[PDB]
Amino acid sequence: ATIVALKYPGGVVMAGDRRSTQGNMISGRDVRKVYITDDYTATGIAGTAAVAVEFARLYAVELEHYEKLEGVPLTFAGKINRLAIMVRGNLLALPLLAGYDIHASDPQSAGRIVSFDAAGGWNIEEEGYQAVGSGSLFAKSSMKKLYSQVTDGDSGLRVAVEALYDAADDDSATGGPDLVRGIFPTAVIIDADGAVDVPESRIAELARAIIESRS
Amino acid sequence: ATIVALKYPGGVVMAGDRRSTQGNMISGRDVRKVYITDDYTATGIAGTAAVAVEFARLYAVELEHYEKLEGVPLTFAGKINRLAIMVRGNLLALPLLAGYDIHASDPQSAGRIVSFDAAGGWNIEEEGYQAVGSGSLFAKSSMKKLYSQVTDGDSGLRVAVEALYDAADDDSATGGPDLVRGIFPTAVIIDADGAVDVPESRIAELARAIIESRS
Amino acid sequence: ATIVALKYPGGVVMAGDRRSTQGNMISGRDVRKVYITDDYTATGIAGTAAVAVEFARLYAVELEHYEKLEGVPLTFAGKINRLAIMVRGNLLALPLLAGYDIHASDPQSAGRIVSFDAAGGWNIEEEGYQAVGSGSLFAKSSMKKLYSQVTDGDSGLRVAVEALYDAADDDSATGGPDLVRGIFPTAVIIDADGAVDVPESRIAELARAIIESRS
Amino acid sequence: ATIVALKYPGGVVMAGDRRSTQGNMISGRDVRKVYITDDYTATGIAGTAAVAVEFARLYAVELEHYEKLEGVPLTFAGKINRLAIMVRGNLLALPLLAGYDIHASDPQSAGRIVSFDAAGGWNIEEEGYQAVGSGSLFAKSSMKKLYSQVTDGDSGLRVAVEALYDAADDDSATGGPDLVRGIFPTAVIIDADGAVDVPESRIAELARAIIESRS
Amino acid sequence: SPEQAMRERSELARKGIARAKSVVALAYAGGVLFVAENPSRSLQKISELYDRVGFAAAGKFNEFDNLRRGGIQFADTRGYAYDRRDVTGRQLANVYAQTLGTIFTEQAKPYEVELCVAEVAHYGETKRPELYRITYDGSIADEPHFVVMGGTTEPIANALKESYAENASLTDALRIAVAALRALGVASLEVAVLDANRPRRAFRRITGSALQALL
Amino acid sequence: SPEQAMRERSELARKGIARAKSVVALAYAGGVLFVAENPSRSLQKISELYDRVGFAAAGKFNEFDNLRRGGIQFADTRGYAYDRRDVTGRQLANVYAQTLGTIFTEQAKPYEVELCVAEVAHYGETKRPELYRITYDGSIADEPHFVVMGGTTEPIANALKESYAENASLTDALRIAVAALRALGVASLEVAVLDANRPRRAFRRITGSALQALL
Amino acid sequence: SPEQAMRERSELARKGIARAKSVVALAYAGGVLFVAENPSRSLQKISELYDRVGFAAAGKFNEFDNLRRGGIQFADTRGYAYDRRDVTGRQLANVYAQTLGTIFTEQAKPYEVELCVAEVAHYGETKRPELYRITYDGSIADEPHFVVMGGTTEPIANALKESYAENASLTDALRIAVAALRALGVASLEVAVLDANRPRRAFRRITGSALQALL
Amino acid sequence: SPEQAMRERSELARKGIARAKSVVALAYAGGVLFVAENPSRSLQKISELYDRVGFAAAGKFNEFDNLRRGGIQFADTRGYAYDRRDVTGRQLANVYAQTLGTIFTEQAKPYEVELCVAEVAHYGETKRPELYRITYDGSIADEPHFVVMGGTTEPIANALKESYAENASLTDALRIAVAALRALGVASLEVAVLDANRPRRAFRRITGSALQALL
Amino acid sequence: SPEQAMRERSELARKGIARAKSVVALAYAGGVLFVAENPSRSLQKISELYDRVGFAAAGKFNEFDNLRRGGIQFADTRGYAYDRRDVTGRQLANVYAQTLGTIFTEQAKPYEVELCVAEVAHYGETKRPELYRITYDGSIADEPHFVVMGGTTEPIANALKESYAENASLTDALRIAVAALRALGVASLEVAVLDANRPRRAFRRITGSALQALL
């Protein structure tokens, strides 16, 4: 499994693969690993569907509990602090966080990426892209060369899909586009208007274009 | 032991074998591993009769306690949540859940199959069939080829019995049809009218027809 | 040690050997391993006399406590449930339970045999006979051939004594009839009129007849 | 160390050796290992003097506490039950119990011997003699041949002293009669009139007669 | 002066109970009939405790709702502990009486509730229905025919003592109960029965066009 | 002023006891006869505590039911601890007296109950029956012939003091007790005996055509 | 004299409640309308409990703020435990009634608060809105049309009983509620609605130029 | 006003004690003589605490039975802790005084009991007997000659002050005590002595033909 | 009679508060101005709670010092838990109100203190200052302009209602507050401000020649 997040002017994009395996045997085919936990925040865990969905549900419940109790949503700094408490208490796969900062001075530079290390410490990415999972190295090396082509949301989505394809090309634990069954990776786009899921047809067309170009 | 569940238009079927062994010695001959725990829900545990019957009794008691306390049966989403709490608390063999969703928009697509992994996480099957146990691989590989012939309840029952026969053919821990003693696998069918046990004569006739065809 | 129980029309019989050893040295000669714990229930533990007698005393005290508190004896289903709680709490040798169901629809099919596995799960025997202990395999293999001759209480007692003799013939930890000291196995018969101990002279005559036939 | 107890018509006798060692070095020469804990009960522990005397003191205190609280001495069945609780709580050397049953129907068959196994379970001897300790096997094998000569208290005392001599003859951890220092084994006789200690001169004369006969 | 306090508490409880509406229970041929005046659909005074045990109460809703929940929990625990046949109306009545007595004695303010427990025979068995009445101070009584609770019960008691026949029909009993209560259409009425002809669960609620047709 | 409070509590307890029905116990040749007026079959005032110990009470059912259950539990624990012969009527009477005194002293409201404990000799033994009376404040008395509790006991006490003979028959004692109580057919009467001729369990309940034949 | 204390506590609670301002709830076509007089922006008497559950209170702010927080916590816990559809207005009303009754009974000073709980149908479903009223002593009532709490409620109750129409509009209902309350511009007024047309979260707050435009 | 409460408690204790029977203790040549009026054989007011310590009490049986049991337990614990010679009458008297004072001070109702503790010299030693009197409020006094407790003690005190001689005989002392108590055959009398000539246990009970012969 | 106790406690609290000196708070253009009469330099009634939260109190020093310390600890804990922007004046006012209400209700003697909490906008933000007043019984109010506590507050309240202007200067506000308080040099005066122009910490103390220059 591999989850990739990269920043573009005016927002941030997130995507993940759809494969879960027990060693050398394929366990699932349409595993969803990216979820929307808030109006301006999405999370992703590289692992089984159950762990990721439980983590997303717990984070959403915590955020909504604070929101209902105090009547105001938490600041982005406070959102990261609560997430790290949950990660430390659990310990395991580590989560990836991407969101939008609506209180930032510059709207064009408001997208954020947060990563947690093995020890549970959180770091804020400054290179504009981050990948986690087994194929994280290949995806990051691909984004290193492909990040110069990102200028808007569509370019960022294309680059993320290409990074996922490159990661799946070199890792057997990551699944590539399934053009026989029709199962493509899921993506989430967060901007000033909020976090929205990308429709499967645009994902499908981008994957088909990348596959045709690679031939 | 092997428990197989597959979906057909308008319902779902479940079946299991009748063998329990201590290594290389046969312990039981008529072990029952599928039980009805609710009006629209059945469960199955691959193991000894005592563990399966205790699990079914506990699940039924929990469901009935909630039903009597609140006056309304739990939703299907809430039924899975309570079951996962019981599985996590115990840890071991893992259960298989099949039921009918009466609140689904499409009645023809209401059958559900739920599986729990080793870590205790629950997953909802989308391929239409699932098998657990020692002979799960052979049964799943058989259903992979035989699923194109399922169009109603009787076809699904035939395919499930054939999958059990194929699983028993390659695994020594799974028992096949006993035409000398007269012990055949047990099956449960759940539809819009509720969960009902299949009579032993229809099981017997299907097993006899499959055996004759294989000769 | 070996304890054998087999069903006959209208009741059930139980018997056990009279040997206890510490490895290769004989410890006791007249060990009693079958006890009557209720009007319609007897139990047997393959092991030392102290453990078996303490288990029987505890079970009898529990049954009598419930009987005096509620004024009605427990059902057969409830009797097994309480016994399994005692077995699980202790953990070891495993007990064997035989009794009569007076609430059964068919009086001729009312005898019951209950066995507990290593994990502590209870199972109800359906093959009509069951043996536990070190020589259980030989006794069961003997009853497999000798069960066709059981038609009443006396036939069942003869078959049980023959099974004990066959088990002692192949196992050094099980004692056979002592025709020099005069120590023969103990037996218990449970029928509609209740559980009664078999007198030692009928045991002695059956053992002598079997020994003479074997010569 | 070895403690031997054997039954004679109308009572029971108990005796023990007077040696305690730390491996291959002799530690004590006049160790007492048999004590009177009640009017009709004596006990013996094969080991150091301190452990045996503490055990006897604790048992006597418990018996006297019950006697003073309820005003009536415990039954023989109740005396064994309390002793087993003390043995189980401690865990080690195991005790030997001999006493007289004044409520028995037959006064001539009232002597009792109780033995505790390694697991702590108590057994009632029916062969008429019992020996515990390191030289228990030799003493028991001697009593096996010498038990036919027991007809009264004096015969039983002679046989017990001979058994102790035979046990000491083959075991280096058991001490024989000391005809230089004048230290002979201690004996206790329990009959209908109560438990009494045997004077050292009768012990001495019996030991001297046995030694002379063996020459 | 405990007498003054007891009289004041009894007067307060009687005043609290007398302001509540009237609920009546009848024993017809097929079981037990419960009739109550319930203008609110959301709040109910008649519920189910176990398979063959019913519940009815009059007074403050919050005070008897907790008692009903506790009784349901106790019945479920006792059924899972021993067996499903263990739970009877006597045990629930006794525990309710003890709880009410303890509340009356220790708590500052007594409960202003009246409790009725009805039981029916199991499927395929013949046994007269049992009705119990629990009064606020813990008093327990057995009523062979009918129980009237809440409000001015004397006129209804006389109206039910007159023109009452055993082994009546459901419709005849319903009309008799309605006429007695009036001394009232689909709305402001709650009707529940305990049908002894049901296999396992005897409780059944009549509401809607069925009640009007029966009326 | 403790005197005023003590007098008020005593008056309240006497008023509560005097409203209850009368239960009488007689000591005939074969044991102890218990006669009480019980219009309800479900509720009973006479029960069994141990093998040779009976129980009888008058007053509020819930108050003495708990005492009976506690006495049964205490008797069972003491029997399992030391021996079955340890439990006697004296210990149960003493513990009941201590419990009643503690309830009278510390609890807000005294128990309005009267307790009677009867014991019989063991099988094959000769000993006069013992009767004890426990009064609500903890007072204990020994009654050689008969105990009368509940209601206006003076006329019944005089009627029993006159025309009372030792070593009478069961029928004669039953008629004498019935005549004394009247100063009453199968219904509204509860009769139990403690038969000393029984091997182990002396308690026996007479109900039905047998009671009418005896009457 | 519990009656005097109860009357004094009730009088104190009524005096405390009657000094507070009036808050009214209306059930229009699109949901539930809440109107209250709130001169302070910082303090609010109308809040949200769950997706389709509202909250309104009158009295001391600190007393009902804690109740609101506890209700929110309980709703969140129950939603995370079973499912999001488990939480309903009935459970919150019941737990609030139990809490208020316990406060009234045990605490030194009763709470001078009035509680209202309103629920609306889920998205894409048809169901009439439910309104509940909880009174300080734990009394619970169901109001089909409107609930008026705080202050002299009689004139407002009459003004709302007259000129009230079902299935009205938001503006018409707002004007009716304002006229009833007067019998009041953007300031010193708090308006919240439960919009059933919302997908998941029905609570919505109207404040600012929107309220003036609606007015 | 602690003085009023203390006087009322003292008056209540004196009234309770004065209704009890009289028990007297005498110090003759061979030890201490205890005489009491005990019409019941089952209940006893004179018991044994240790080897050379006696016990006597007057008043409510349940109140001093617990004190006797506690004293026996304390004496046994102290004897097992340090030595058998550690326990003396002084320590028991002191602990009884502390217990009685604590009961009088803290408990709601004082104990209506009178305590006497007598000690005798050890075997082969010369020492005058010691008598102690403990009064309900914890007061302790030393009586050189005799102690009279219970009932109208003044006439008996004068009758014992007159015609009392030291170093008298058992028979003479018994007659003197009986004559003093009368100011009375085998029945309704309890006699116990503390014989200093006994080796270890000095307590001895005289009952039956021996008492009549002594009288 | 809770009303009498409540009135007496309120009168005691009012009498205690009215003897204290007067402290006043003003909201000028740059923040919040605190003026108090403090003849002791060591003791202070104005302190700091968080970055933008102030504190002022009147009454017994020891009673509000503990409240100030608890508020500081709570603010620090909440800031370290979620974020520094989480802490606001509303939460501190609410927790102070709950604490004061609990002290008034449960504690024997109410606190004779008056509390004021003032908050200012963050750096680079525009928002009107907020002032809260907490009264001894837990009552909370919002004051838009000024808060006057301690002593005869009516003349100062009128003097501040007259001649008060918004957006005034520090010097003008200081003179107005001093004139209102007089209706007073460097000594016996304590002045603190909450400067909104400060980056992080807004609290500032004016003492010494600066205060004289401002005056």
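Note that the protein sequences, when read in sequence, are chains V, P, Q, R, I, C, H, D and G. Those letters in the first sequence? Residues 1 to 91, 99 to 222, by the authors' numbering. Those letters in the second sequence? Residues 1 to 91, 99 to 222, by the authors' numbering. Those letters in the third sequence? Residues 1 to 91, 99 to 222, by the authors' numbering. Those letters in the fourth sequence? Residues 1 to 91, 99 to 222, by the authors' numbering. Those letters in the fifth sequence? Residues 8 to 190, 203 to 234, by the authors' numbering. Those letters in the sixth sequence? Residues 8 to 190, 203 to 234, by the authors' numbering. Those letters in the seventh sequence? Residues 8 to 190, 203 to 234, by the authors' numbering. Those letters in the eighth sequence? Residues 8 to 190, 203 to 234, by the authors' numbering. Those letters in the ninth sequence? Residues 8 to 190, 203 to 234, by the authors' numbering. Cβ coordinates follow ideal geometry from the N, Cα and C atoms, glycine included.
| query | For residue 25/R, which of 186/R, 214/R, 180/R has the nearest alpha-carbon? | reply | Locating residue 25/R in the fourth sequence gives position 25, counting from the first residue. The option with the nearest alpha carbon to residue 25/R is 180/R.
| Residue environment, residue 227/I, which counts as buried when at least 16 other CB atoms sit within 10 Å | If you number the fifth sequence from 1, residue 227/I lands on position 208. Its Cβ having fewer than 16 others within 10 Å, residue 227/I is exposed.
| message | Here's a check: name, in chain order, each residue in its chain whose Cβ is nearer than 6 angstroms to the Cβ of residue 75/H, leaving out the five neighbours to either side. | response | As a first step, residue 75/H is located in the seventh sequence; it is residue number 68 there, counting from the start. The answer, listed in chain order, is 54, 62.
| task | For chain R, find out if any of its Cβ atoms is closer than 9 angstroms to the Cβ of residue 16/Q; answer yes or no. | result | Sequence index remark: in the third sequence, residue 16/Q carries index 16 (1-based). So no, residue 16/Q is outside the interface.
| task | Measure from the alpha carbon of residue 31/D to the alpha carbon of each residue in 225/D, 41/D, 85/D, then state which is nearest. | result | Within the eighth sequence, the letter at position 24 stands for residue 31/D. The residue with the shortest Cα to Cα distance from residue 31/D is 41/D.
| said: Please tell me whether residue 72/I has its Cβ less than 9 angstroms away from any Cβ of chain H. | reply: Counted from its first residue, the fifth sequence places residue 72/I at position 65. Yes, contact with chain H.
| request: Below 8 angstroms CB to CB, which residues in the same chain sit around residue 160/G once its five sequence neighbours on both sides are set aside? | output: In the ninth sequence, counting from the first residue as 1, residue 160/G sits at position 153. Hits under 8 angstroms: 29.
| What's the C-alpha gap between residue 84/P and residue 60/I? | Working through the second sequence from its first residue, we reach residue 84/P at position 84. Working through the fifth sequence from its first residue, we reach residue 60/I at position 53. So the alpha carbons of these two residues sit roughly 31 angstroms apart.
| query | In chain C, what lies closer than 8 angstroms to residue 61/Q by C-beta? | reply | As a first step, residue 61/Q is located in the third sequence; it is residue number 61 there, counting from the start. Near residue 61/Q (Cβ distances below 8 angstroms), the residues of chain C are 83, 86, 87.
| If you draw a straight line from the C-alpha of residue 64/V to the C-alpha of residue 211/G, how long is it? | To locate residue 64/V, count along the first sequence from 1; it is residue 64. To locate residue 211/G, count along the ninth sequence from 1; it is residue 192. The alpha-carbon atoms of residue 64/V and residue 211/G are separated by roughly 39 angstroms.
| What do you get for residue 137/R, buried or exposed, if any count of 16 or more other CB atoms within 10 angstroms of its CB means buried? | Within the fourth sequence, residue 137/R is the residue found at index 130, counting from 1. Buried: at least 16 other Cβ atoms inside 10 Å.
| message | Against chain H, does residue 93/G count as a neighbour if the rule is that its beta carbon must be under 9 angstroms from one of theirs? | response | To locate residue 93/G, count along the ninth sequence from 1; it is residue 86. With 9 angstroms as the cut-off, residue 93/G does not count as an interface residue toward chain H.
| Is there at least one Cβ from chain H nearer than 9 angstroms to residue 82/P's Cβ? | What you label residue 82/P is simply residue 82 of the second sequence in a count that begins at 1. Yes, because at least one Cβ of chain H sits closer than 9 angstroms to the Cβ of residue 82/P.
| request: Determine the DSSP secondary structure at residue 9/C, reduced to helix, strand or coil. | output: Position 2 of the sixth sequence, counted from the first residue, corresponds to residue 9/C. DSSP places residue 9/C in helix when its eight states are reduced to three.
| task | Answer with yes or no whether the minimum CB distance from residue 139/C to chain D is below 9 angstroms. | result | The count along the sixth sequence starts at 1 and reaches residue 139/C at position 132. Taking Cβ atoms only, chain D reaches closer than 9 angstroms to residue 139/C, which makes this a yes.
| Any C-beta of chain P sitting closer than 9 angstroms to the C-beta of residue 128/Q? | Residue 128/Q sits at position 121 when you count from the first residue of the third sequence. At least one chain P Cβ lies under 9 angstroms of residue 128/Q.
| message | Taking only three categories from DSSP, how would you classify residue 204/V? | response | As a working mapping, residue 204/V is identified with position 197 in the first sequence. Under the three-state reduction of DSSP output, residue 204/V falls in the strand class.
| request: Compute every distance between the C-beta of residue 146/H and the non-hydrogen atoms of the ligand FAD, then say whether any falls below 8 angstroms. | output: This structure simply doesn't include the ligand FAD, nor any ligand for that matter.
| Is it right to say residue 190/D is buried, meaning 16 or more other beta carbons lie within 10 angstroms of its own, or is it exposed? | Taking the eighth sequence and counting its residues from 1, one reaches residue 190/D at position 183. In summary, residue 190/D is exposed, with fewer than 16 beta-carbon neighbours lying within 10 Å of its beta-carbon over all protein chains present.
| task | Would you mind working out which of 25/D, 220/D, 163/D, 116/D sits nearest residue 16/D, comparing C-alpha positions? | result | Within the eighth sequence, numbered from 1, the residue matching residue 16/D stands at position 9. That would be 116/D, whose Cα lies nearest to the Cα of residue 16/D.
| query | Of all the options 172/G, 209/G, 13/G, which has the alpha carbon lying nearest to the alpha carbon of residue 52/G? | reply | Looking up residue 52/G in the ninth sequence gives position 45. Closest by alpha carbon: 209/G.
| query | For residue 185/P, which beta-bridge partners are listed by DSSP? | reply | For the purposes of this step, residue 185/P is taken as the residue at position 178 of the second sequence. DSSP lists 190/P as partners of residue 185/P.
| request: Along the alpha helix (DSSP H) that carries residue 59/R, what are the first and last residues, could you check? | output: Along the fourth sequence, one-based indexing puts residue 59/R at 59. It spans 49-70 - the alpha helix (DSSP H) in which residue 59/R sits, taken as one unbroken run.
| Which class does residue 28/C belong to by DSSP, given the choice of helix, strand or coil? | For the purposes of this step, residue 28/C is identified with residue 21 of the sixth sequence, where counting begins at 1. Three-state result, residue 28/C: coil.
| the stretch 104-122 of chain D touching the stretch 67-86 of chain D, judged by at least three CB pairs closer than 8 angstroms | Verdict: yes, contact present.
| said: Please list, in chain order, the chain P residues whose beta carbon lies closer than 7 angstroms to that of residue 124/Q. | reply: As a first step, residue 124/Q is located in the third sequence; it is residue number 117 there, counting from the start. Those are 48, listed as they occur along chain P.
| What is the DSSP secondary structure of residue 147/P, reduced to helix, strand or coil? | Along the second sequence, one-based indexing puts residue 147/P at 140. Here residue 147/P sits in helix by DSSP.
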